[PDB]
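The data block below is input38.pdb; it holds PDB, N, CA and C atoms.
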ATOM      1  N   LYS A   1     147.287  87.533  62.194  1.00  0.00           N
ATOM      2  CA  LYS A   1     147.026  86.596  63.284  1.00  0.00           C
ATOM      3  C   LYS A   1     147.753  87.126  64.500  1.00  0.00           C
ATOM      4  N   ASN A   2     149.056  86.924  64.492  1.00  0.00           N
ATOM      5  CA  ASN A   2     149.897  87.435  65.541  1.00  0.00           C
ATOM      6  C   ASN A   2     150.245  88.855  65.148  1.00  0.00           C
ATOM      7  N   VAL A   3     149.607  89.294  64.055  1.00  0.00           N
ATOM      8  CA  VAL A   3     149.828  90.638  63.518  1.00  0.00           C
ATOM      9  C   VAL A   3     148.481  91.329  63.321  1.00  0.00           C
ATOM     10  N   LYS A   4     148.444  92.651  63.546  1.00  0.00           N
ATOM     11  CA  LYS A   4     147.195  93.409  63.432  1.00  0.00           C
ATOM     12  C   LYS A   4     146.250  92.976  64.547  1.00  0.00           C
ATOM     13  N   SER A   5     146.796  92.955  65.763  1.00  0.00           N
ATOM     14  CA  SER A   5     146.061  92.530  66.950  1.00  0.00           C
ATOM     15  C   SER A   5     145.731  93.706  67.875  1.00  0.00           C
ATOM     16  N   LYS A   6     144.586  93.579  68.536  1.00  0.00           N
ATOM     17  CA  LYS A   6     144.060  94.588  69.459  1.00  0.00           C
ATOM     18  C   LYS A   6     145.055  94.916  70.569  1.00  0.00           C
ATOM     19  N   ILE A   7     145.870  93.942  70.931  1.00  0.00           N
ATOM     20  CA  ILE A   7     146.816  94.109  72.032  1.00  0.00           C
ATOM     21  C   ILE A   7     147.706  95.342  71.852  1.00  0.00           C
ATOM     22  N   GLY A   8     148.099  95.690  70.641  1.00  0.00           N
ATOM     23  CA  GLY A   8     148.957  96.851  70.509  1.00  0.00           C
ATOM     24  C   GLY A   8     148.319  98.048  71.215  1.00  0.00           C
ATOM     25  N   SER A   9     146.991  98.176  71.147  1.00  0.00           N
ATOM     26  CA  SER A   9     146.336  99.274  71.856  1.00  0.00           C
ATOM     27  C   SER A   9     146.544  99.108  73.365  1.00  0.00           C
ATOM     28  N   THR A  10     146.636  97.843  73.787  1.00  0.00           N
ATOM     29  CA  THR A  10     146.866  97.494  75.190  1.00  0.00           C
ATOM     30  C   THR A  10     148.192  98.068  75.659  1.00  0.00           C
ATOM     31  N   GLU A  11     149.143  98.095  74.739  1.00  0.00           N
ATOM     32  CA  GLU A  11     150.491  98.557  75.024  1.00  0.00           C
ATOM     33  C   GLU A  11     150.495  99.922  75.715  1.00  0.00           C
ATOM     34  N   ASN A  12     149.516 100.771  75.430  1.00  0.00           N
ATOM     35  CA  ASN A  12     149.478 102.080  76.083  1.00  0.00           C
ATOM     36  C   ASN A  12     148.884 101.979  77.428  1.00  0.00           C
ATOM     37  N   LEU A  13     148.554 100.774  77.855  1.00  0.00           N
ATOM     38  CA  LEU A  13     147.983 100.634  79.166  1.00  0.00           C
ATOM     39  C   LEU A  13     147.121 101.850  79.471  1.00  0.00           C
ATOM     40  N   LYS A  14     146.871 102.024  80.711  1.00  0.00           N
ATOM     41  CA  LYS A  14     146.074 103.145  81.176  1.00  0.00           C
ATOM     42  C   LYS A  14     146.713 104.485  80.810  1.00  0.00           C
ATOM     43  N   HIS A  15     148.041 104.542  80.890  1.00  0.00           N
ATOM     44  CA  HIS A  15     148.771 105.773  80.592  1.00  0.00           C
ATOM     45  C   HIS A  15     149.423 105.712  79.216  1.00  0.00           C
TER
END

Would you give me this structure, written as C-alpha cells?
Amino acid sequence: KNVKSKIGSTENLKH
C-alpha cells in the first residue's frame, strides 16, 4: 500500500 509504490521511481525525478 504505502509500500511497493510507483513514487519510488519518482524519487529520481528528471535527473

**OP:** Extract the full set of helix (DSSP H, G or I) residues from chain A according to DSSP on the backbone, and format it as a PyMOL selection string.
**Re:** chain A and resi 7-10

Original post:
So how many Å separate atom N of residue A:2 and atom N of residue A:14, to one decimal?
Top reply: 22.3 Å

Test item: axis-aligned box, all listed atoms of stretch 7-11 of chain A, 3 Å on each side, centre and edges in Å rounded to one decimal, as AutoDock Vina command-line options:
--center_x 148.2 --center_y 96.9 --center_z 73.1 --size_x 10.6 --size_y 12.0 --size_z 11.2
